[PDB]
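In: got the complex split up, this is the first portion:
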Amino acid sequence: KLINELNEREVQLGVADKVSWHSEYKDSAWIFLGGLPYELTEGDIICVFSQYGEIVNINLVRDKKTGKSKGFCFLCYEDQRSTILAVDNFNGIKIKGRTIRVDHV
């Protein structure tokens, strides 16, 4: 929720690109999707987030014993600009009634 208001202070003030805080990283593909719905699974979140790129490999944290999702996934794309696009875009999204959160790692 705080993200979208940082993008609004970044757009409103005329930040103009490379000083963007996605340049904070430059080293990292893997993204963090928290607040995810428990019914979701690999193939699903792959099908929704391959929109903005091609996701190479994602490890979604699912509790070892019960074997169900703890509610979040660390994902890895083939492209960084896909990550920048995904954090800056796909965030604040409704899924199954609950708004997911995304951010770098």
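Out: Ah, there it is. Residues are numbered from 1 along each chain as shown, chains lettered A, B, ... in the order given.
In: now the spatially most distant residue from the centre of chain A: how far from residue A:90?
Out: Of all residues in chain A, residue A:65 has its C-alpha farthest from the mean position, at 26.0 Å, by Cα atoms, centre = their mean. Going from residue A:65 to residue A:90 by Cβ to Cβ, to the nearest Å gives 31 Å. Quick note: C-beta positions are derived from backbone N, CA and C, even for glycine.
In: Now do the helices in chain A.
Out: A:2-12, A:42-49, A:80-89 (DSSP state H).
In: which of these is buried the deepest?
Out: By mean neighbour count, with neighbours taken as mean count of other Cβ atoms under 10 Å, helix A:80-89 ranks first of the helices of chain A at a mean of 18.
In: what's it in contact with?
Out: A:3, A:7, A:20, A:22, A:25-26, A:28-31, A:49, A:52-54, A:77, A:102-104 (Cβ atoms under 8 Å, 6 or more residues apart in numbering).
In: which of those count as buried?
Out: Burial by neighbour count, judged by 16 or more other Cβ atoms under 10 Å, picks out A:7, A:22, A:29, A:30, A:31, A:49, A:52, A:53, A:77, A:102, A:104 from these.
In: Could you pull up the contacting residues of the residue nearest to the fifth one when sequence neighbours are not counted?
Out: Read it as residue A:31. Leaving aside its sequence neighbours, residue A:31 sits nearest to residue A:75 (Cβ to Cβ, 6 or more residues apart in numbering; 4.9 Å). Neighbouring residues of residue A:75 by Cβ under 8 Å, 6+ apart: A:30, A:31, A:32, A:33, A:45, A:49, A:55, A:58.
In: Chain B next, sequence below:
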Amino acid sequence: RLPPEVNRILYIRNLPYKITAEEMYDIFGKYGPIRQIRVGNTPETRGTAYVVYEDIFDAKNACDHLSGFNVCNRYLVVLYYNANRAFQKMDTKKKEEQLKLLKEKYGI
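Out: Now chain B, sitting on the chains shown earlier:
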């Protein structure tokens, strides 16, 4: 794909004092089944009416096409009716019997 403020109830005005509920039901009956309709029979409220439908989107198509629609010489005022305001004239009660029923019949 709808604005939240609109509701199943529509306040309708610019009505004649002679107007018949036959014309009312006929005309308004295009968009959907009428939940019911009230009409002011009182000195100030004569000329006004409230329409309520089984569904909201009914009313949405209504105010869409019925916007400024005509009857006799008049262009009716069609607005989405508000909520709350004057309510508490009635009370919250009589929940016990029905809730006891749904707790009885289905047993849940």
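In: What's the separation between the residue farthest from the centre of chain A and residue A:34?
Out: Separation of residue A:65 from residue A:34 (Cβ to Cβ): 21 Å.
In: With residue A:47 instead?
Out: From residue A:47 across to residue A:34, the span is 19 Å (Cβ to Cβ).
In: Strands along chain A, start to end?
Out: Using DSSP state E, the strands of chain A run over residues A:31-34, A:59-62, A:69-75, A:93-95, A:98-104.
In: Pull the number of nearby residues for residue A:60.
Out: Per other Cβ atoms under 10 Å in any protein chain shown, the neighbour tally for residue A:60 reads 19.
In: Leaving out the residues flanking it, which one is nearest to it?
Out: residue A:73 (3.6 Å; Cβ to Cβ, 6 or more residues apart in numbering or on different chains).
In: now stretch A:41-53, how far from the chain's geometric center?
Out: Centroid displacement of stretch A:41-53 relative to its chain, using Cα atoms, centre = their mean, to the nearest Å, is 11 Å.
In: And the contacts of that stretch?
Out: With contact meaning Cβ atoms under 8 Å, 6 or more residues apart in numbering or on different chains, stretch A:41-53 is reached by A:33, A:36, A:55, A:58, A:60, A:69, A:73, A:75, A:77-79, A:81-83, A:85-86, A:89-90, A:95.
In: add chain C to what we have:
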Amino acid sequence: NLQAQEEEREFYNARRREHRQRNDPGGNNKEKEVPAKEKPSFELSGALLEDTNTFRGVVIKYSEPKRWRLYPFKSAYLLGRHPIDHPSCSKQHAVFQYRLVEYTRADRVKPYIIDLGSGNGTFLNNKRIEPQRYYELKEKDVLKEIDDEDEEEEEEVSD
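Out: Now chain C, sitting on the chains shown earlier:
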């Protein structure tokens, strides 16, 4: 060495995906990209209601050959059992989703019938069609696979 790990994974659709993306229940047969209503396609044809192309429906109860009503088709309609399905049918053999009729655009505004894979099937001119492909309909064609309490016919508006 029967089951190494008890959980593993899926890589499969989720019920809330397909659910939320189609709801009246969740439905099947989301309209294709082409679908457009027939009247506006008669507007691009420059046709007032006199010379316009409107598909009217005709009913005959399969036991007795007329109108319980007459139905206009003028982008798609959901043929089902009755509430979800728009084109409700009293037929007790129709699955909760029986079939759909979508007008599509090819080369023109053309009517199409598509079976949803209803358990019994559906007969076209007393000749069934296999599931999961759009089948163009031509005027005077008939709909009811073998459970058939009714009949249907299509007419363009002319004369």
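In: ok chain C is loaded, check the neighbour count of residue A:60 again?
Out: 20.
In: got a list of what residue C:67 touches?
Out: Neighbouring residues of residue C:67 by Cβ under 8 Å, 6+ apart: C:58, C:59.
In: Chain A contacts on chain C?
Out: C:6-7, C:9-17, C:19-20 (Cβ under 8 Å from any Cβ of the partner chain).
In: Make CSV from those and add secondary structure and distance to residue C:36 to it.
Out: Shown next, in CSV, are these (DSSP: H, G, I helix; E, B strand; the rest coil; distance: Cβ to Cβ, whole Å):
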residue, secondary structure, distance to residue C:36
C:6, coil, 51
C:7, coil, 47
C:9, coil, 41
C:10, coil, 37
C:11, coil, 36
C:12, coil, 34
C:13, coil, 29
C:14, coil, 31
C:15, helix, 31
C:16, helix, 30
C:17, helix, 27
C:19, helix, 27
C:20, helix, 25
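In: With respect to residue B:79, which of those residues is nearest?
Out: For the residues of chain C next to chain A, the residue nearest residue B:79 by Cβ to Cβ is residue C:20; the value is 32.2 Å.
In: from what I can see the closest one touches residue A:93, true?
Out: No. Assessed by Cβ atoms under 8 Å, residue C:20 is found out of contact with residue A:93, at 11.7 Å.
In: rewinding a little: would you format the residues of chain C next to chain A as JSON lines with neighbour count and distance to residue C:40 included?
Out: Converted to JSON lines, the residues of chain C next to chain A look like this (neighbours: other Cβ atoms under 10 Å in any protein chain shown; distance: Cβ to Cβ, whole Å):
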{"residue": "C:6", "neighbour count": "8", "distance to residue C:40": "56"}
{"residue": "C:7", "neighbour count": "13", "distance to residue C:40": "52"}
{"residue": "C:9", "neighbour count": "12", "distance to residue C:40": "47"}
{"residue": "C:10", "neighbour count": "12", "distance to residue C:40": "43"}
{"residue": "C:11", "neighbour count": "10", "distance to residue C:40": "42"}
{"residue": "C:12", "neighbour count": "10", "distance to residue C:40": "39"}
{"residue": "C:13", "neighbour count": "12", "distance to residue C:40": "34"}
{"residue": "C:14", "neighbour count": "20", "distance to residue C:40": "36"}
{"residue": "C:15", "neighbour count": "11", "distance to residue C:40": "36"}
{"residue": "C:16", "neighbour count": "17", "distance to residue C:40": "34"}
{"residue": "C:17", "neighbour count": "19", "distance to residue C:40": "32"}
{"residue": "C:19", "neighbour count": "14", "distance to residue C:40": "31"}
{"residue": "C:20", "neighbour count": "14", "distance to residue C:40": "29"}
